[PDB]
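**Student:** Here it is, the structure, as structure tokens.
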Amino acid sequence: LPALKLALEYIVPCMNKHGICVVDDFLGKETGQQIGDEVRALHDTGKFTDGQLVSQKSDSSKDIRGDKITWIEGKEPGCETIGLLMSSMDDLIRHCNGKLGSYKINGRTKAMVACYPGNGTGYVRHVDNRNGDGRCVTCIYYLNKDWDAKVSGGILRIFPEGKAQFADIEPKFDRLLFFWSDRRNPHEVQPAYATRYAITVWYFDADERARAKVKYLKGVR
Ligand SMILES: O=C(O)CNC(=O)c1nc(Cl)c2ccccc2c1O
Ligand SMILES: [Mn+2]
């Protein structure tokens, strides 16, 4: 399905109406599986961090750690299908530009690959960009085949501002998610009891990022 058709007929209207947009079967099984293989290779060769310190015990041997991460630019050896994913995300956003609210996206982060190791850890309720750091859209790609939250947990729960309900999103294989990064979409990852992988990039709004430089000071003489 052409990126422009997905953007104009689905991403743009859904984002402007709901601020949370799900696309299933984004790249297809072959490509999705190759991305999965690259992420697992990164994990198995020790490229992830040890995990977020969740419970700090008097005995450090009993510390509980949670989500592990690694930052991926997309050109590294063994990460080229991740890079292809990133380029595909960028193509979509490019075909949306000037139509995602009044934002003008002119950049993004590297990819943050996250692994919840399956030990009952999740991620506390938070806002991605709470203080105007420039990020306007969060984009997440999930890689977990036959994920069933009833058995493995790991639901992403979003609490859209001003609505007495939440939106639960299963981290399903080959699913792509967009949502506004700011305080409109507080969200959490519920405890995961199986290995759970996701790939995140954040897109920058030009004006917000330009003035973020001012309040987050870069020096000349
Ligand atoms: O994985 C998901 O479905 C949702 N994940 C997150 O919202 C999420 N957000 C942030 Cl800001 C971080 C930040 C650091 C590490 C992992 C994160 C994470 O999984
Ligand atoms: Mn988040």
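Indices start at 1 and increase along the chain as displayed.
So how was this one determined? The header says X-ray crystallography, 1.9 Å.
From the backbone N, Cα and C atoms, a Cβ is placed for every residue, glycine too.
Feature list, courtesy of Swiss-Prot:
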MOD_RES   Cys14  S-nitrosocysteine
MOD_RES   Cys21  S-nitrosocysteine
REGION    54-64  region 'Beta(2)beta(3) 'finger-like' loop'
MOD_RES   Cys115  S-nitrosocysteine
BINDING   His126, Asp128, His187  Fe cation binding site
MOD_RES   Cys136  S-nitrosocysteine
MOD_RES   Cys139  S-nitrosocysteine
BINDING   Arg196  2-oxoglutarate binding site
**Student:** Please list, in sequence order, every residue of the chain apart from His126, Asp128, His187 whose Cβ lies within 8 Å of the Cβ centroid of the Fe cation site.
**Tutor:** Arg125, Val127, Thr138, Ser181, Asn185, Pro186, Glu188
**Student:** For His126, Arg196, listed as binding-site residues, tell me which one has the smallest number of other Cβ atoms within 10 Å.
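**Tutor:** Comparing Cβ neighbour counts within 10 Å for the binding-site residues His126, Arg196 gives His126.
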**Student:** How many helix, strand and coil residues does the region 'Beta(2)beta(3) 'finger-like' loop' (54-64) contain under DSSP?
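**Tutor:** Output for the region 'Beta(2)beta(3) 'finger-like' loop' (54-64) reads 3 helix, 3 strand, 5 coil.
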**Student:** Please report, as a whole number of Å, how far the Cα of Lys218 is from the Cα of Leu217, with 3 residues unmodelled between the two.
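**Tutor:** Result for this gap is 7 Å, Cα to Cα.
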**Student:** Can you figure out which of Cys21, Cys115, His126, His187 (the recorded positions) comes closest in space to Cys139 (S-nitrosocysteine), comparing Cα atoms?
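**Tutor:** Closest candidate to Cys139 (S-nitrosocysteine), judged by Cα separation, is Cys21.
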**Student:** Would you mind sorting out which recorded positions among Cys21, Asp128, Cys136 put a C-beta under 6 angstroms from ligand 1?
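**Tutor:** What lies within reach of ligand 1, judged by Cβ under 6 Å, is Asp128.
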**Student:** Recorded positions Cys14, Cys21, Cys115, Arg196: which have a Cα within 10 Å of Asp128 (Fe cation binding site)?
**Tutor:** none
**Student:** Could you round the CA separation between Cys136 (S-nitrosocysteine) and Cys21 (S-nitrosocysteine) to a whole angstrom and send it over?
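**Tutor:** Here the two Cα atoms are 14 Å apart.
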